[PDB]
2 protein chains.
Amino acid sequence: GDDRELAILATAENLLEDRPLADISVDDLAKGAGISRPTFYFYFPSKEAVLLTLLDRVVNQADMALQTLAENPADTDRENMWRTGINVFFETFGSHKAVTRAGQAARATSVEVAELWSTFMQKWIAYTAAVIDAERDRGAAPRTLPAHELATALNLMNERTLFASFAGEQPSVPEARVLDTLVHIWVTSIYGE
Amino acid sequence: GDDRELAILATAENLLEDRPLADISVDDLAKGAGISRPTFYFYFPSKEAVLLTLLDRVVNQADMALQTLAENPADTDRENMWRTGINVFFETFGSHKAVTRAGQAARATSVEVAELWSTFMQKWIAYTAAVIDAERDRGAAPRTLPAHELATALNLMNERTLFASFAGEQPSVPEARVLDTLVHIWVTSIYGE
Ligand SMILES: CC1CCN(C(=O)Nc2ccc(O)cc2)CC1
Ligand SMILES: CC1CCN(C(=O)Nc2ccc(O)cc2)CC1
C-alpha cells in the first residue's frame with residue numbers, strides 16, 4: 001500500500017533523470033511500479049501529483065536538515081557557519097537533480113508547486129534574517145540593510161544560482177565552484193560595510 | 001508595413017498587461033492592430049513570435065543603454081558606478097513589466113526565447129567580469145573569487161530578484177527597496193574580503 005506509493009515515487013524520480021514529466025506517461029509510471037493504470041489512480045490523481053509529492057519530500061528533507069543544524073551549533077567561524085548551512089541545500093537538491101529540475105519547471109503550471117516552494121522560501125528567508133539579526137545583536141555584523149530584505153535577495157540568488165549550476169545552464173557557475181561562490185557573497189554582504 | 005508590424009507589437013504589449021499570452025488570440029492581436037488574421041500571418045508566424053520580438057526589443061534597449069554608460073564614465077564613487085549600471089536594468093525591465101513577465105515565462109517553452117536571454121546574460125556577465133578585473137588591476141578591488149564566477153552569481157541574483165520584485169512574488173524584495181538591496185550585495189562582494 002504505502003509500498004506501492006513508494007514504488008510509484010521511485011519510478012517517477014528514475015524516469016525524470018532521462019526525460020521531462022511531459023514525456024512520461026501514467027502507463028510508464030504504473031509499469032515501472034509493477035501495478036496497473038487504474039491501481040495507479042488509487043494512489044495519485046495524475047503524474048503531476050506524483051511530482052508534487054517528490055518535490056514535497058525533497059523540500060522537507062532540506063528543511064529538516066536545516067532544523068538539525070539550527071539545534072546543533074557546529075563549533076566554527078562565521079564563514080563556516082554559513083557554508084554548512086548553504087551546503088544543506090547544495091547537497092539535498094544536488095542529490096535530487098531530476099526532481100529539482102522538474103519541480104522548478106512545474107512552478108509555472110502548478111499552483112500547488114508554486115505555493116510549496118513559496119512557503120518554504122518564506123521559512124528559509126525568515127530563518128536567515130533571524131540569524132543575521134542575532135549576529136547584529138551580538139556585535140558581529142554591522143546594521144546595514146534591513147535584514148529581511150538582504151535575506152530575501154541572498155535566498156533568491158541561491159535558488160537561481162544552484163538550479164542553474166545543477167541544470168548545467170549557460171550561463172552558470174560550475175557545480176564544483178558554486179558553494180565557494182555563494183559563501184563569499186553571503187559573508188561579504190552580511191559582515192561588510 | 002513597418003507600421004502594421006509596430007501596431008501588432010504595441011497591441012501585444014498592451015494585452016499582456018491584462019492577461020498571459022495563452023489567453024491572447026491572434027484574433028485579439030489582429031483586431032487591436034486593425035488588420036485581418038491573414039494579414040497578421042504576413043508579419044508574424046504566431047503570437048509566440050510577437051513575444052520573441054517584444055523581448056528582443058527590451059533586451060536590446062537594456063544592452064544599448066549599458067553600452068552608452070560604458071562609453072560615458074559617470075564621475076562618481078565605486079558604489080554609484082555599480083548603482084547606475086544596475087539601474088539600467090531596473091528601469092528598462094521595470095518600464096516593460098508585462099513583456100518581462102511573459103518573456104521569462106516563455107524561456108521554458110521557446111528555444112529562441114531561452115537562447116536570446118542566454119546570449120545577453122553571457123554578454124552582461126562578461127562585461128561585469130571585465131569591470132571587476134579593471135577594478136582589481138587598478139588596486140581598488142581585492143583578488144578574491146574568480147571574477148567571471150562572481151559576475152555570474154551576481155547577474156543571476158539580479159535576474160531572479162528583479163523579476164520577483166516586478167511580479168510582486170511572495171517572497172520578493174519590495175520594488176522600492178530592490179535597487180539598494182542589490183547595490184549593497186554587489187559592492188560588498190566585489191570590494192570586500
Ligand atoms: C540559514 C540559511 C543557510 C543558507 N540557506 C540557503 O542556502 N537557502 C537556499 C538555498 C537554495 C535554494 O533553492 C533556496 C534557498 C538559507 C538558510
Ligand atoms: C556592469 C553591470 C551592471 C549591472 N548589471 C546587472 O544589473 N545585470 C542584470 C540585471 C537584470 C537582469 O535580469 C540580468 C542581469 C550587469 C552589468
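In what follows, every heavy atom counts, from backbone to side chain, and hydrogens, waters and symmetry copies are set aside. Atoms within a ligand are numbered from 1 in the order they appear, just like the ligands themselves. Residue numbers start from 1 in every chain, and the chains themselves are labelled A, B, ... in the order their sequence lines are given, proteins ahead of strands.
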Q) For ligand 1, which atoms sit closer than 4.0 Å to a heavy atom of A:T128? A) 2 (C), 16 (C), 17 (C)

Q) Is the shortest distance from a heavy atom of B:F93 to ligand 2 less than 4.0 Å? A) no

Q) Any idea which protein heavy atom is nearest atom 14 (C) of ligand 1, and the distance to it? A) A:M121 SD, 3.6 Å

Q) Side chain, backbone, both or neither: which part of B:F120 comes within less than 4.0 Å of ligand 2 when only heavy atoms are counted? A) neither

Q.
Out of all atoms in ligand 1, which are within 4.0 Å of some heavy atom of A:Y127? Include the element for each.
A. 1 (C)

Q) Run the side-chain contact (heavy atoms from CB on, under 4.5 Å) check on B:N155 and B:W186 step by step: do they pass? A) CA-CA 9 Å; B:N155 278 265; B:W186 280 60; 3.8 Å; yes

Q. Has the side chain of A:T152 got a donor or acceptor atom that lies under 3.5 Å from a matching backbone atom of A:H148?
A. yes

Q.
Between B:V26 and B:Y41, does the side-chain contact (heavy atoms from CB on, under 4.5 Å) criterion hold? Intermediate values first, please.
A. CA-CA 9 Å; B:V26 171; B:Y41 285 107; 3.6 Å; yes

Q) Should B:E159 and B:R107 count as an ion pair when the cut-off is N to O under 4.0 Å? A) yes

Q.
For residues B:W82 and B:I125: do they belong to one hydrophobic cluster (side chain heavy atoms under 4.5 Å, members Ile, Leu, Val, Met, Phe, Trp, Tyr)?
A. no

Q. In Å and rounded to the nearest 0.5 Å, what is the CH2 to CG distance from A:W124 to A:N158?
A. 11.0 Å

Q. Is there a heavy atom of B:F166 sitting under 4.0 angstrom from any atom of ligand 2?
A. no

Q: Distance to 0.1 Å, residue and atom name: give those for the protein heavy atom nearest to atom 5 (N) of ligand 2.
A: B:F89 CE1, 3.4 Å

**Q.** Shortest protein heavy-atom distance from atom 3 (C) of ligand 1, along with the residue and atom involved
**A.** A:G85 C, 3.8 Å

Q: Have a look at A:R160, A:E159, A:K123 and point out the one with the heavy atom closest to atom 13 (O) of ligand 1.
A: A:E159

**Q.** Test item: A:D77 side-chain N/O and A:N80 main-chain N/O as donor-acceptor pair under 3.5 Å
**A.** yes

Q) Which is it for B:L162 and ligand 2 at heavy atoms under 4.0 Å: side chain, backbone, both or neither? A) side chain

**Q.** Sidechain-backbone polar pair: B:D28 side chain, B:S25 backbone, donor-acceptor under 3.5 Å
**A.** yes

Q.
If you measure every N or O of B:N158 against every N or O of ligand 2, does any of those distances drop under 3.5 Å?
A. yes

Q) Do any N or O atoms from the side chain of B:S172 and from the backbone of B:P174 form a donor-acceptor pair under 3.5 angstrom? A) no

**Q.** Proximity of A:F90 to ligand 1 by residue part, where a heavy atom lies under 4.0 Å
**A.** neither

**Q.** Side-chain donor/acceptor of B:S165 to backbone N/O of B:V173, under 3.5 Å
**A.** yes

Q: Classify the contact between A:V131 and ligand 1 as side chain, backbone, both or neither, using a heavy-atom distance cut-off of under 4.0 Å.
A: neither

Q. With atoms numbered from 1 as shown, which atoms in ligand 1 lie under 4.0 angstrom from a non-hydrogen atom of A:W117?
A. 13 (O)

Q: Would you check the N or O atoms of B:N155, main chain and side chain alike, for any that come under 3.5 Å of an N or O of ligand 2?
A: yes

